[PDB]
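Colleague: Sharing target-v3.txt below, compact mmCIF, N, CA and C atoms:
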# COMPACT_ATOMS: atom_id res chain seq x y z
N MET L 1 18.07 70.80 -12.01
CA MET L 1 19.17 70.85 -13.00
C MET L 1 19.46 69.45 -13.53
N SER L 2 18.99 69.18 -14.74
CA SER L 2 19.23 67.92 -15.42
C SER L 2 20.15 68.19 -16.59
N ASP L 3 19.62 68.88 -17.59
CA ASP L 3 20.43 69.46 -18.64
C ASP L 3 20.34 70.97 -18.52
N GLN L 4 19.11 71.47 -18.40
CA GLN L 4 18.88 72.89 -18.20
C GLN L 4 18.02 73.13 -16.96
N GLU L 5 16.70 73.20 -17.15
CA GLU L 5 15.80 73.65 -16.09
C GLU L 5 14.84 72.55 -15.65
N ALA L 6 15.34 71.33 -15.53
CA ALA L 6 14.50 70.21 -15.13
C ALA L 6 15.16 69.40 -14.02
N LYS L 7 14.35 68.73 -13.21
CA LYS L 7 14.85 67.79 -12.22
C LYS L 7 14.87 66.37 -12.79
N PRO L 8 16.02 65.69 -12.71
CA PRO L 8 16.19 64.34 -13.24
C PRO L 8 15.91 63.26 -12.20
N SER L 9 14.69 63.23 -11.70
CA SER L 9 14.33 62.29 -10.65
C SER L 9 13.22 61.35 -11.12
N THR L 10 12.60 61.68 -12.26
CA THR L 10 11.45 60.94 -12.75
C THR L 10 11.84 59.54 -13.23
N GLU L 11 13.11 59.36 -13.57
CA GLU L 11 13.58 58.07 -14.06
C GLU L 11 14.14 57.22 -12.92
N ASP L 12 13.76 57.57 -11.70
CA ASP L 12 14.10 56.77 -10.53
C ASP L 12 12.85 56.47 -9.72
N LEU L 13 12.18 57.53 -9.27
CA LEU L 13 10.93 57.39 -8.55
C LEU L 13 9.74 57.40 -9.51
N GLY L 14 8.59 56.99 -9.01
CA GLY L 14 7.39 57.03 -9.82
C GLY L 14 6.61 55.74 -9.75
N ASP L 15 6.39 55.26 -8.54
CA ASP L 15 5.76 53.97 -8.31
C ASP L 15 4.26 54.11 -8.13
N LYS L 16 3.80 55.35 -8.00
CA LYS L 16 2.39 55.62 -7.74
C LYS L 16 1.52 55.41 -8.98
N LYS L 17 1.24 56.48 -9.73
CA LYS L 17 0.50 56.32 -10.98
C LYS L 17 1.39 56.69 -12.16
N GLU L 18 1.30 57.93 -12.62
CA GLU L 18 2.14 58.37 -13.73
C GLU L 18 3.42 58.98 -13.22
N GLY L 19 4.36 58.11 -12.94
CA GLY L 19 5.62 58.56 -12.41
C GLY L 19 5.39 59.25 -11.09
N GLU L 20 5.73 60.53 -11.02
CA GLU L 20 5.46 61.28 -9.81
C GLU L 20 4.92 62.67 -10.11
N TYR L 21 4.10 63.13 -9.19
CA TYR L 21 3.57 64.49 -9.19
C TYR L 21 4.48 65.38 -8.36
N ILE L 22 3.98 66.53 -7.94
CA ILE L 22 4.79 67.48 -7.18
C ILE L 22 4.11 67.77 -5.85
N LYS L 23 4.91 67.91 -4.82
CA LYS L 23 4.42 68.05 -3.47
C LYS L 23 4.65 69.46 -2.96
N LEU L 24 3.67 70.03 -2.31
CA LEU L 24 3.84 71.34 -1.72
C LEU L 24 3.87 71.22 -0.21
N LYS L 25 4.53 72.17 0.40
CA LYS L 25 4.65 72.25 1.84
C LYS L 25 3.65 73.25 2.37
N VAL L 26 2.57 72.77 2.97
CA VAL L 26 1.55 73.68 3.48
C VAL L 26 1.83 74.02 4.94
N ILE L 27 1.96 75.30 5.21
CA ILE L 27 2.16 75.79 6.56
C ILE L 27 0.85 76.28 7.12
N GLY L 28 0.36 75.63 8.16
CA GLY L 28 -0.89 76.06 8.76
C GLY L 28 -0.64 77.02 9.89
N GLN L 29 -1.67 77.75 10.30
CA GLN L 29 -1.55 78.71 11.39
C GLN L 29 -1.38 77.99 12.71
N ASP L 30 -1.69 76.69 12.70
CA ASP L 30 -1.50 75.85 13.87
C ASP L 30 -0.10 75.24 13.85
N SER L 31 0.71 75.71 12.89
CA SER L 31 2.10 75.26 12.71
C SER L 31 2.14 73.87 12.09
N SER L 32 0.97 73.30 11.85
CA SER L 32 0.86 72.05 11.13
C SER L 32 1.38 72.22 9.71
N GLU L 33 2.37 71.43 9.33
CA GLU L 33 2.89 71.49 7.97
C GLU L 33 2.58 70.18 7.28
N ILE L 34 1.84 70.24 6.19
CA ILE L 34 1.42 69.03 5.50
C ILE L 34 1.97 69.00 4.08
N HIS L 35 2.34 67.81 3.64
CA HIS L 35 2.90 67.63 2.32
C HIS L 35 1.81 67.13 1.37
N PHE L 36 1.51 67.90 0.33
CA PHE L 36 0.49 67.50 -0.63
C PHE L 36 1.09 67.22 -2.00
N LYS L 37 0.83 66.03 -2.52
CA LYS L 37 1.26 65.67 -3.86
C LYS L 37 0.15 65.90 -4.87
N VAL L 38 0.21 67.06 -5.50
CA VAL L 38 -0.74 67.46 -6.52
C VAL L 38 -0.05 67.47 -7.87
N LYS L 39 -0.80 67.39 -8.95
CA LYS L 39 -0.21 67.46 -10.26
C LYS L 39 0.21 68.88 -10.58
N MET L 40 1.22 69.04 -11.43
CA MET L 40 1.75 70.36 -11.79
C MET L 40 0.65 71.38 -12.05
N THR L 41 -0.42 70.94 -12.68
CA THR L 41 -1.49 71.83 -13.10
C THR L 41 -2.78 71.53 -12.33
N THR L 42 -2.63 71.23 -11.04
CA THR L 42 -3.77 70.93 -10.17
C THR L 42 -4.31 72.21 -9.53
N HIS L 43 -5.65 72.38 -9.52
CA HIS L 43 -6.26 73.53 -8.83
C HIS L 43 -5.74 73.58 -7.42
N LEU L 44 -5.03 74.63 -7.10
CA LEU L 44 -4.49 74.76 -5.78
C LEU L 44 -5.62 75.01 -4.80
N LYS L 45 -6.85 75.25 -5.29
CA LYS L 45 -7.99 75.37 -4.42
C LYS L 45 -8.17 74.09 -3.66
N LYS L 46 -8.02 73.00 -4.39
CA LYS L 46 -8.21 71.68 -3.85
C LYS L 46 -7.26 71.49 -2.68
N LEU L 47 -6.02 71.89 -2.90
CA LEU L 47 -5.00 71.91 -1.86
C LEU L 47 -5.49 72.70 -0.64
N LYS L 48 -6.05 73.87 -0.90
CA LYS L 48 -6.53 74.74 0.15
C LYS L 48 -7.67 74.06 0.91
N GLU L 49 -8.60 73.51 0.14
CA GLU L 49 -9.78 72.88 0.69
C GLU L 49 -9.42 71.63 1.47
N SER L 50 -8.49 70.83 0.96
CA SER L 50 -8.10 69.61 1.65
C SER L 50 -7.65 69.95 3.07
N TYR L 51 -6.76 70.94 3.19
CA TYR L 51 -6.31 71.39 4.51
C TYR L 51 -7.51 71.81 5.36
N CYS L 52 -8.27 72.77 4.86
CA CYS L 52 -9.32 73.42 5.62
C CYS L 52 -10.43 72.44 5.96
N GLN L 53 -10.88 71.72 4.96
CA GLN L 53 -12.00 70.81 5.09
C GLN L 53 -11.75 69.76 6.17
N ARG L 54 -10.63 69.06 6.09
CA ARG L 54 -10.41 67.94 7.00
C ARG L 54 -10.07 68.45 8.40
N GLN L 55 -9.49 69.63 8.45
CA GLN L 55 -9.11 70.23 9.71
C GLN L 55 -10.25 71.09 10.29
N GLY L 56 -11.38 71.13 9.60
CA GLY L 56 -12.56 71.81 10.13
C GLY L 56 -12.49 73.32 10.03
N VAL L 57 -12.08 73.82 8.87
CA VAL L 57 -11.95 75.25 8.64
C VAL L 57 -12.84 75.66 7.46
N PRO L 58 -13.46 76.85 7.52
CA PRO L 58 -14.20 77.39 6.38
C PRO L 58 -13.25 78.05 5.39
N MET L 59 -13.48 77.78 4.11
CA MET L 59 -12.60 78.25 3.05
C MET L 59 -12.52 79.78 2.99
N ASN L 60 -13.52 80.46 3.54
CA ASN L 60 -13.54 81.92 3.50
C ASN L 60 -12.70 82.51 4.62
N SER L 61 -12.24 81.67 5.53
CA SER L 61 -11.46 82.15 6.65
C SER L 61 -9.96 81.94 6.43
N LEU L 62 -9.59 81.17 5.42
CA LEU L 62 -8.19 80.85 5.22
C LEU L 62 -7.74 81.04 3.78
N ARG L 63 -6.55 81.61 3.64
CA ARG L 63 -5.92 81.83 2.34
C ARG L 63 -4.59 81.09 2.29
N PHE L 64 -4.35 80.41 1.18
CA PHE L 64 -3.09 79.70 0.98
C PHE L 64 -2.25 80.46 -0.02
N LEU L 65 -0.98 80.66 0.31
CA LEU L 65 -0.11 81.47 -0.52
C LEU L 65 1.23 80.81 -0.76
N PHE L 66 1.83 81.11 -1.90
CA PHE L 66 3.17 80.65 -2.20
C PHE L 66 4.17 81.77 -1.94
N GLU L 67 4.87 81.68 -0.81
CA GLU L 67 5.85 82.68 -0.41
C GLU L 67 5.18 84.05 -0.28
N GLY L 68 3.94 84.05 0.19
CA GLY L 68 3.19 85.28 0.33
C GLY L 68 2.40 85.64 -0.92
N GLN L 69 2.34 84.72 -1.87
CA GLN L 69 1.59 84.95 -3.10
C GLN L 69 0.22 84.29 -3.01
N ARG L 70 -0.82 85.11 -3.01
CA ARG L 70 -2.19 84.64 -2.85
C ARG L 70 -2.56 83.61 -3.92
N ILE L 71 -2.81 82.39 -3.49
CA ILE L 71 -3.26 81.34 -4.39
C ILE L 71 -4.74 81.49 -4.70
N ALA L 72 -5.08 81.45 -5.99
CA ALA L 72 -6.46 81.51 -6.42
C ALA L 72 -6.99 80.10 -6.63
N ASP L 73 -8.29 79.94 -6.78
CA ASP L 73 -8.85 78.60 -6.86
C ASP L 73 -8.38 77.85 -8.09
N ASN L 74 -8.32 78.53 -9.22
CA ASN L 74 -7.98 77.87 -10.47
C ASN L 74 -6.51 78.03 -10.79
N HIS L 75 -5.73 78.40 -9.79
CA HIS L 75 -4.30 78.55 -9.97
C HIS L 75 -3.58 77.31 -9.50
N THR L 76 -2.53 76.93 -10.20
CA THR L 76 -1.79 75.71 -9.89
C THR L 76 -0.32 76.04 -9.73
N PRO L 77 0.50 75.15 -9.14
CA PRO L 77 1.93 75.38 -9.00
C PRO L 77 2.59 75.74 -10.33
N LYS L 78 2.14 75.07 -11.39
CA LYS L 78 2.67 75.29 -12.73
C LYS L 78 2.51 76.76 -13.13
N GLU L 79 1.32 77.29 -12.88
CA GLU L 79 0.99 78.66 -13.28
C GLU L 79 1.74 79.67 -12.43
N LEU L 80 1.87 79.37 -11.14
CA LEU L 80 2.47 80.30 -10.20
C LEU L 80 3.99 80.26 -10.28
N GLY L 81 4.50 79.22 -10.92
CA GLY L 81 5.93 79.10 -11.12
C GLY L 81 6.62 78.32 -10.02
N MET L 82 5.89 77.40 -9.41
CA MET L 82 6.45 76.55 -8.37
C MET L 82 6.75 75.17 -8.96
N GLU L 83 7.42 74.36 -8.18
CA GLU L 83 7.78 73.01 -8.59
C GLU L 83 7.55 72.07 -7.42
N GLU L 84 8.03 70.85 -7.53
CA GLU L 84 7.98 69.93 -6.41
C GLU L 84 8.69 70.53 -5.20
N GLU L 85 8.09 70.32 -4.04
CA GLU L 85 8.69 70.66 -2.75
C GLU L 85 8.63 72.16 -2.47
N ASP L 86 7.79 72.88 -3.20
CA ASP L 86 7.61 74.30 -2.93
C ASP L 86 6.75 74.51 -1.70
N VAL L 87 6.77 75.72 -1.17
CA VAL L 87 6.15 76.00 0.13
C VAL L 87 4.95 76.95 -0.02
N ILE L 88 3.90 76.65 0.73
CA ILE L 88 2.68 77.45 0.75
C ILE L 88 2.27 77.77 2.19
N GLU L 89 2.06 79.04 2.50
CA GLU L 89 1.70 79.44 3.84
C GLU L 89 0.20 79.70 3.94
N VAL L 90 -0.34 79.44 5.10
CA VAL L 90 -1.74 79.69 5.37
C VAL L 90 -1.88 80.95 6.21
N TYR L 91 -2.74 81.83 5.76
CA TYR L 91 -3.02 83.06 6.46
C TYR L 91 -4.53 83.24 6.51
N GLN L 92 -5.00 84.16 7.32
CA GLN L 92 -6.42 84.30 7.53
C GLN L 92 -7.04 85.20 6.48
N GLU L 93 -8.07 84.69 5.82
CA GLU L 93 -8.78 85.40 4.77
C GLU L 93 -9.72 86.44 5.36
N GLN L 94 -10.61 85.97 6.22
CA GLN L 94 -11.57 86.83 6.90
C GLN L 94 -11.59 86.49 8.38
N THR L 95 -12.66 86.89 9.07
CA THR L 95 -12.87 86.50 10.46
C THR L 95 -12.83 84.98 10.61
N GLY L 96 -12.33 84.51 11.75
CA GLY L 96 -12.26 83.09 12.03
C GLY L 96 -13.61 82.40 11.94
N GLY L 97 -13.57 81.09 11.74
CA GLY L 97 -14.79 80.33 11.58
C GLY L 97 -14.86 79.19 12.57
N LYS C 721 22.12 46.50 14.71
CA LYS C 721 22.67 47.37 15.78
C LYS C 721 21.81 48.61 15.98
N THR C 722 21.18 49.05 14.92
CA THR C 722 20.32 50.22 14.97
C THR C 722 18.93 49.84 15.45
N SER C 723 18.30 50.73 16.20
CA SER C 723 16.97 50.47 16.72
C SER C 723 16.04 51.61 16.31
N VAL C 724 14.78 51.31 16.07
CA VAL C 724 13.84 52.35 15.67
C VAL C 724 13.11 52.89 16.89
N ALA C 725 12.96 54.20 16.94
CA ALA C 725 12.26 54.85 18.03
C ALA C 725 11.00 55.51 17.51
N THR C 726 9.92 55.40 18.26
CA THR C 726 8.65 55.96 17.84
C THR C 726 8.65 57.47 18.07
N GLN C 727 8.10 58.20 17.12
CA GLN C 727 8.06 59.65 17.19
C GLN C 727 6.65 60.13 17.47
N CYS C 728 6.54 61.39 17.84
CA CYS C 728 5.26 62.01 18.07
C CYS C 728 4.85 62.76 16.82
N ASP C 729 3.61 62.58 16.40
CA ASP C 729 3.14 63.14 15.15
C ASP C 729 2.01 64.14 15.39
N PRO C 730 2.12 65.32 14.75
CA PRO C 730 1.11 66.37 14.82
C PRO C 730 0.01 66.17 13.79
N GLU C 731 -0.56 67.27 13.32
CA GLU C 731 -1.64 67.21 12.34
C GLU C 731 -1.20 66.50 11.07
N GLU C 732 -1.96 65.48 10.69
CA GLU C 732 -1.75 64.81 9.42
C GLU C 732 -2.94 65.03 8.51
N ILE C 733 -2.74 65.86 7.51
CA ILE C 733 -3.76 66.08 6.51
C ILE C 733 -3.46 65.22 5.30
N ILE C 734 -4.48 64.70 4.65
CA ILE C 734 -4.30 63.88 3.48
C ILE C 734 -4.29 64.72 2.22
N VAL C 735 -3.86 64.14 1.12
CA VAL C 735 -3.85 64.85 -0.14
C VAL C 735 -4.93 64.31 -1.07
N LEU C 736 -5.35 65.18 -1.96
CA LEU C 736 -6.37 64.90 -2.95
C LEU C 736 -5.79 64.18 -4.15
N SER C 737 -6.66 63.75 -5.04
CA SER C 737 -6.25 63.03 -6.23
C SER C 737 -5.84 64.02 -7.31
N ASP C 738 -4.86 63.61 -8.11
CA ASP C 738 -4.15 64.51 -9.01
C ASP C 738 -4.97 64.92 -10.22
N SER C 739 -4.74 66.16 -10.64
CA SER C 739 -5.31 66.72 -11.85
C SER C 739 -4.40 66.42 -13.04
N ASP C 740 -4.72 66.97 -14.20
CA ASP C 740 -3.84 66.89 -15.37
C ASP C 740 -3.76 65.47 -15.90
Represent the structure of the file as structure tokens.
Modeller:
Amino acid sequence: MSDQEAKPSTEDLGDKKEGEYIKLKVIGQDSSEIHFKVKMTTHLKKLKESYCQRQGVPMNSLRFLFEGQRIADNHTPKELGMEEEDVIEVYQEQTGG
Amino acid sequence: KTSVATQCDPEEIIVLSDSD
């Protein structure tokens, strides 16, 4: 809420590159919760892969969702209707890997 | 007067580089 439907934080923070991006809260099945700063229109696949890849998980075994909403590879927070600090849960796609 | 205490940290995953 700035005037209408925006957050008025960009004119304070933004020391990284282009002001600031948006961070999601990833909930892993190991209860690991990681904060990812992706751009509004960033492939949430990348988000999914970052978690899985570094933590040693196969992408076919894990699904990332926004409040139970299945994230697709070419789907981004912008498209799904999320913003900074939104939450994404990890659930099992197929058999464990 | 305040002192810092070390915390225990679980899984730390890194983030990728931004799109858009």
Colleague: For a test of reading the model, state the distance in Å between atom C of residue 28 in chain L and CA of residue 55 in chain L, rounded to one decimal.
Modeller: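 The value is 10.9 Å.
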Colleague: How many Å separate CA of residue 7 in chain L from atom N of residue 739 in chain C?
Modeller: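 Interatomic distance here is 19.7 Å.
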Colleague: Taking only C-alpha atoms into account and nothing else, which residues of chain C lie no more than 7 Å away from chain L? Please answer as a PyMOL selection string.
Modeller: chain C and resi 730-733+735-736+738-740
Colleague: What is the distance between CA of residue 44 in chain L and atom C of residue 75 in chain L, in Å to one decimal?
Modeller: 4.6 Å
Colleague: Of the candidates L:4, L:62, L:25, L:9, which shows the shortest atom-to-atom distance to residue 92 in chain L, using only C-alpha atoms?
Modeller: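 Result for the nearest residue to residue 92 in chain L: L:62.
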Colleague: Can you tell me, as a PDB file with N, CA and C atoms, in the frame of the given file, which residues sit within 6.5 Å of (-7.5, 80.3, 10.7) in the file's frame, using all atoms listed in the file?
Modeller:
ATOM      1  N   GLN L  29      -1.670  77.750  10.300  1.00  0.00           N
ATOM      2  CA  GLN L  29      -1.550  78.710  11.390  1.00  0.00           C
ATOM      3  C   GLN L  29      -1.380  77.990  12.710  1.00  0.00           C
ATOM      4  N   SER L  61     -12.240  81.670   5.530  1.00  0.00           N
ATOM      5  CA  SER L  61     -11.460  82.150   6.650  1.00  0.00           C
ATOM      6  C   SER L  61      -9.960  81.940   6.430  1.00  0.00           C
ATOM      7  N   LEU L  62      -9.590  81.170   5.420  1.00  0.00           N
ATOM      8  CA  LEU L  62      -8.190  80.850   5.220  1.00  0.00           C
ATOM      9  C   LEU L  62      -7.740  81.040   3.780  1.00  0.00           C
ATOM     10  N   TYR L  91      -2.740  81.830   5.760  1.00  0.00           N
ATOM     11  CA  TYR L  91      -3.020  83.060   6.460  1.00  0.00           C
ATOM     12  C   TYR L  91      -4.530  83.240   6.510  1.00  0.00           C
ATOM     13  N   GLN L  92      -5.000  84.160   7.320  1.00  0.00           N
ATOM     14  CA  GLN L  92      -6.420  84.300   7.530  1.00  0.00           C
ATOM     15  C   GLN L  92      -7.040  85.200   6.480  1.00  0.00           C
ATOM     16  N   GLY L  96     -12.330  84.510  11.750  1.00  0.00           N
ATOM     17  CA  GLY L  96     -12.260  83.090  12.030  1.00  0.00           C
ATOM     18  C   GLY L  96     -13.610  82.400  11.940  1.00  0.00           C
ATOM     19  N   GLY L  97     -13.570  81.090  11.740  1.00  0.00           N
ATOM     20  CA  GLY L  97     -14.790  80.330  11.580  1.00  0.00           C
ATOM     21  C   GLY L  97     -14.860  79.190  12.570  1.00  0.00           C
TER      22      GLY L  97
END
Colleague: Just list as a ChimeraX atom specification whatever in chain L DSSP marks as strand (DSSP E or B).
Modeller: /L:15,19,22-27,33-38,62-66,69-70,86-92
Colleague: Which of chain L counts as helix (DSSP H, G or I) under DSSP, as an MDAnalysis selection string please?
Modeller: chainID L and resid 44:54 77:80
